[PDB]
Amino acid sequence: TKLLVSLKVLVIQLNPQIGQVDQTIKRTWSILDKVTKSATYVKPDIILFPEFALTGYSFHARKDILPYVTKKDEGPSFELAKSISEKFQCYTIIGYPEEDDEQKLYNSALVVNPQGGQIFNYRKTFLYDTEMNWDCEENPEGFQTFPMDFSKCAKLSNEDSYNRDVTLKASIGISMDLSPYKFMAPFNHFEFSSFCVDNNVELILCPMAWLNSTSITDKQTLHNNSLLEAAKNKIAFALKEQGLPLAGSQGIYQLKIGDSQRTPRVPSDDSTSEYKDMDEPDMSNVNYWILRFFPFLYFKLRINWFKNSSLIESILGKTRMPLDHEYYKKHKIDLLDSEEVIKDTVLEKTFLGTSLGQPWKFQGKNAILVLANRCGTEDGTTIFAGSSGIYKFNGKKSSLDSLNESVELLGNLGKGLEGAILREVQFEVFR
């Protein structure tokens, strides 16, 4: 049974700085106010915030982040999310620094339903270097999914209005979750996007604090005060030439509420990573994010992989998480040479978007991807890429970037202004 769903999706893009929680909260209500005053405004069903949306991101020591951590159901981020959800009767997802009853620290994203109750709390699974500075934990559950009840979003193809309720299978991935494990794992694993395709996720939500490549990341530069000081001056110039303060733009809102302006498909060159034109997306990063969702993209060569059975050993050998991940600190199994039968979960597994049953497992399906990435700058070394956006994978049948027409670019914010974007997203599911 095919079911046509319609969702109104709002993304908020912020430039939070450490120690400005209250100011950031005020700018959020200011942004939300303007949104509802948009000419083409419609009530969102879901609102998504960036990774560490109110607190800032670049904490260098545990004692520095302690003043901003909270329990999953208390504190400024939860209260903000609860109020938003109640005033808009929507789901609200926001990233915050979390502490549990055992005094353990996580990088987290909480989910609030329209009733204003917390229905979920996801924890970052793949950590980035910054998280290691304050003893952050890996999500012991690894990648997760959860249901989201939407009212008046669904309809049969025969019907003329969206007057049905639908439970979507959702997944949250926080920034580094999209990367290869520790940047050491093979690129072709595509852990998170594979997990989403395997579990038939329909709604993919990514709070992010993702870097523009102009940032300083070379480890020898950071630890050579001569090289580091020289590297910092380079970034200072870049921001000054844009007429912006070192921390980046705040309080000047770019709003794309209800329009259907799509983002232009563009290849990456030695200029798409330049930090310029703050109202334009970082297309180097946009192409890269799309690439990390390879298993959702049409790829011609999958027909050969399947006919020749080139990936059966990979599909069968594939584990749920990386062996050394916190997840196993659960089990395990060579089904090829055993007497155990092939379970359904094995026939759902994929590698490079191929399953045991078919060349391209996602073919003919739909899925929505919401990326909420922060903007701005921290420590005079780090430039976040902004470019929050909404995407649709259509499953319709060579290019590994935005040129590939199996993904639709429904809109993006600019690489460096606080703002919001709303889109009516239409897609189909099966029930």
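The first residue of the sequence shown is number 1, and the count goes up from there.
**Message:** Considering only other entries where residues before and after it are modelled, is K332 without coordinates in at least a third?
**Reply:** That residue is missing from at least a third of the other compared entries.
**Message:** Our gap detector needs a label for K397 to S398. Which class matches the unmodelled residues of the deposited sequence there: none, 1 to 3, 4 to 9, or 10 or more?
**Reply:** Unresolved stretch here: 4 to 9 residues.
**Message:** Does the chain run continuously from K329 to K330, or are deposited residues unmodelled in between? Answer none, 1 to 3, 4 to 9, or 10 or more.
**Reply:** Unresolved stretch here: 1 to 3 residues.
**Prompt:** Of 149 to 157 and 345 to 353, which one has the bigger average CA B-factor?
**Reply:** Per the deposited B-factors, the answer is 149 to 157.
**Message:** When the Cα temperature factors in the entry are averaged, is it 35 to 43 or 379 to 387 that ends up higher?
**Reply:** Taking the mean C-alpha B-factor of 379 to 387 and of 35 to 43, the larger value falls to 35 to 43.
**Highest-ranked of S213, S179, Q254, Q89 once sorted by CA temperature factor in the record** = Among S213, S179, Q254, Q89, the highest C-alpha B-factor in the entry belongs to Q89.
**Candidate set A53, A367, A372, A61 [ranked by C-alpha B-factor, highest]** = By C-alpha B-factor in the record, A61 ranks first.
**Request:** Going by the recorded CA B-factors, say which third of the chain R262 sits in, lowest, middle or highest.
**Result:** Its C-alpha B-factor, which the entry lists for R262, ranks in the middle third among residues of this chain.
**Asked** Lowest, middle or highest third: where is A109 by Cα B-factor in its chain?
**Response** It belongs to the lowest third of the chain when residues are ordered by C-alpha B-factor.
**Message:** When the deposited Cα B-factors of this chain's modelled residues are ordered and cut into thirds, is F195 in the lowest, the middle or the highest one?
**Reply:** Within its chain, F195 is a lowest-third residue by C-alpha B-factor, going by the deposited values.
**Message:** Is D282 in the lowest, middle or highest third of its chain when residues are ranked by C-alpha B-factor?
**Reply:** For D282, whose C-alpha B-factor we compare with every modelled residue in the chain, the answer is the lowest third.
**Message:** Using the temperature factors of the C-alpha atoms in this entry, rank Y275 within its chain: lowest, middle or highest third.
**Reply:** Its C-alpha B-factor belongs to the middle third of this chain's values.
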